[PDB]
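Listed in order, the protein sequences are those of chains Y and E.
Take the first sequence: its letters are residues 42 to 331, numbered as in the working numbering.
Take the second sequence: its letters are residues 93 to 122, numbered as in the working numbering.
These notes are about the structure you will find just below.
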Amino acid sequence: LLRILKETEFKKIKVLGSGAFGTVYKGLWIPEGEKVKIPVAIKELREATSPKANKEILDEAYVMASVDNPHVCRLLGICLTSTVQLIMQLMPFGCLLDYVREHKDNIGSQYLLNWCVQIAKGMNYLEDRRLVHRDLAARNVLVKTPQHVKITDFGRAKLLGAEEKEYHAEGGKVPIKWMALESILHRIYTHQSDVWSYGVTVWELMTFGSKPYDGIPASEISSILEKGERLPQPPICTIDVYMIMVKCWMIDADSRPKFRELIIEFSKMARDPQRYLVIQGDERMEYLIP
Amino acid sequence: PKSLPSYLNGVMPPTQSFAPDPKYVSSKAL
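Here is the structure:
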C-alpha cells in the first residue's frame, strides 16, 4: 500500500513550521499526471539516518501507510532520495496542543473527553498493529474537525517483531518530559511506555496546553519520578479523571492501564462530561462582456 | 460530582508527590 513517490509529483509550497528533528512543508501533491491536486503535508526528516535507522522508518511506514482507523493519520506516500519524506493528508486546524491553548475559553468538557477517547482509540489501534509510536504528545495530535482528532507520525514509531515486546532506541534527542522512566533511564520503549505518554498528554489537555514539569530541567525528571513526584491534578479535574492519568505514570509498566481499558473508562466518563470535568462556564461555549 | 482540587486562586505546583507509594517511588536503591 506504501506509495513510493517521484520528487516531481509533489511541490512543497511553504514551510509550515520546522523542528531540528525534522521540517514540515505544505504541501501539494498530484499523482502521475493524474488529473488535479490533493494538498498534502511533506515531513522531511533530518539527522543522517543509518542503514538500520532506515529499515526501521521503512517498516513502520509500511504499517503507517495501511491504517484503517479514523483516529490515526494514515500515510500517503514516502519519498526516499538523500532524505526521507512522508506524505500526509494535510490537516488545516493542525497541532492540537496549539489549539486548546488559544480556544481555551470555548473548549467544553465534552470535547476534552471525546478527544481523550479518540486519541485512546487511535493509540489502541496502533497497538494492535504491533507499533510503538514512541512520540505521542499534545503537539503530535491533529485536528480534522474540533470533534475529530487523529494521531500523526514523524518516523519515530517502531514496529514490533511478532515475538518481541521490547524496543531499545539507539541514542540522540528524546522528548524527555513525556517519556516513561524505563524509556528515560533505559532507552526502552514498549506499549506501556506509550500509555505513560498518554498520561502526560491528557494532563496536557486538562491543563489546557499547560507546560509539563514547568520550571524543572529535564536533567532530573529522572529523579523527581524516582522520588515519586508526578504531574499535578489539573484544576478542572475531579479525582476520578485525574487518578486515571496518575495510573499511567506508575513505575512498573505492565500494570499501567492498557489503551483497551483506557478506552472504556474515558468512554463512560464521556457520556456524562460535567460529572467529571468542571469548567467554569461550561454549559455555554473569455465569456461575459461589458 | 465535584471533588476538584484546592488551589489558591488557581495556581498549580510544578509537581505533586505520591511518595512513599512504593508503586510510584522507585527503589533507587542507594
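Cβ coordinates follow ideal geometry from the N, Cα and C atoms, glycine included.
Give the residues of chain Y in contact with residue i, contact being defined as C-beta atoms less than 9 angstroms apart.
i: residue 96 (chain E); result: 274, 276, 277, 278, 279, 280 and 319
Could you name the residues of chain Y that residue i contacts, counting a contact when the two beta carbons are closer than 7 angstroms?
i: residue 111 (chain E); result: 268 and 269
What does residue i touch in chain E if you count any residue whose Cβ is under 8 angstroms from its own?
i: residue 222 (chain Y); result: 118
i: residue 265 (chain Y); result: 107
Measure the CB-CB distance between residue i and residue j and report whether it falls below 8 angstroms.
i: residue 371 (chain Y); j: residue 230 (chain Y); result: Since the first and last residues shown for chain Y are 42 and 331, residue 371 (chain Y) lies out of range.
i: residue 253 (chain Y); j: residue 214 (chain Y); result: no
i: residue 303 (chain Y); j: residue 239 (chain Y); result: yes
i: residue 165 (chain Y); j: residue 300 (chain Y); result: yes
i: residue 97 (chain E); j: residue 274 (chain Y); result: yes
i: residue 99 (chain E); j: residue 276 (chain Y); result: yes
i: residue 137 (chain Y); j: residue 172 (chain Y); result: no
i: residue 249 (chain Y); j: residue 145 (chain Y); result: yes
i: residue 198 (chain Y); j: residue 232 (chain Y); result: no
i: residue 107 (chain E); j: residue 272 (chain Y); result: yes
i: residue 326 (chain Y); j: residue 281 (chain Y); result: no
i: residue 71 (chain Y); j: residue 118 (chain Y); result: no
i: residue 122 (chain Y); j: residue 50 (chain Y); result: no
i: residue 323 (chain Y); j: residue 150 (chain Y); result: yes
From the DSSP output, in three-state form, read off residue i for me.
i: residue 156 (chain Y); result: helix
i: residue 263 (chain Y); result: helix
i: residue 307 (chain Y); result: helix
i: residue 287 (chain Y); result: helix
i: residue 208 (chain Y); result: coil
i: residue 64 (chain Y); result: strand
i: residue 91 (chain Y); result: coil
i: residue 54 (chain Y); result: strand
i: residue 102 (chain Y); result: helix
i: residue 218 (chain Y); result: helix
i: residue 232 (chain Y); result: helix
i: residue 109 (chain E); result: strand
i: residue 151 (chain Y); result: helix
i: residue 315 (chain Y); result: helix
i: residue 301 (chain Y); result: helix
i: residue 186 (chain Y); result: strand
i: residue 85 (chain Y); result: strand
i: residue 247 (chain Y); result: helix
i: residue 320 (chain Y); result: coil
i: residue 164 (chain Y); result: helix
i: residue 270 (chain Y); result: strand
i: residue 192 (chain Y); result: strand
i: residue 226 (chain Y); result: helix
i: residue 96 (chain Y); result: helix
i: residue 74 (chain Y); result: coil
i: residue 292 (chain Y); result: coil
Using only the heavy atoms of the ligand SAH, determine whether one of them is closer than 7 angstroms to the beta carbon of residue i.
i: residue 309 (chain Y); result: With respect to the ligand SAH, the structure offers nothing, as it holds no ligand at all.
Cβ pair count under 8 angstroms reaching 3, the region 148 to 166 of chain Y against the region 107 to 121 of chain Y: yes
Cβ contact check for the region 220 to 234 of chain Y and the region 87 to 95 of chain Y: 3 or more pairs under 8 angstroms: Cβ pair count under 8 angstroms is below three, so no.
Three or more C-beta pairs below 8 angstroms linking the region 184 to 202 of chain Y and the region 248 to 257 of chain Y: no
Cβ-based contacts, 8 angstroms cut-off: residues of the region 233 to 258 of chain Y near chain E: 248, 251, 254, 255, 256 and 257
Where the region 284 to 295 of chain Y meets chain E: residues whose CB sits under 9 angstroms from a CB there: The region 284 to 295 of chain Y vs chain E, Cβ under 9 angstroms: 287, 290, 291, 292 and 293.
The region 124 to 139 of chain Y touching the region 75 to 84 of chain Y, judged by at least three CB pairs closer than 8 angstroms: yes
Interface residues of the region 301 to 325 of chain Y facing chain E [CB-CB below 9 angstroms]: The residues in question are 315, 316, 317 and 319.
contact_flag[the region 286 to 299 of chain Y, the region 236 to 251 of chain Y] where n(CB pairs < 8 angstroms) is 3 or more: yes
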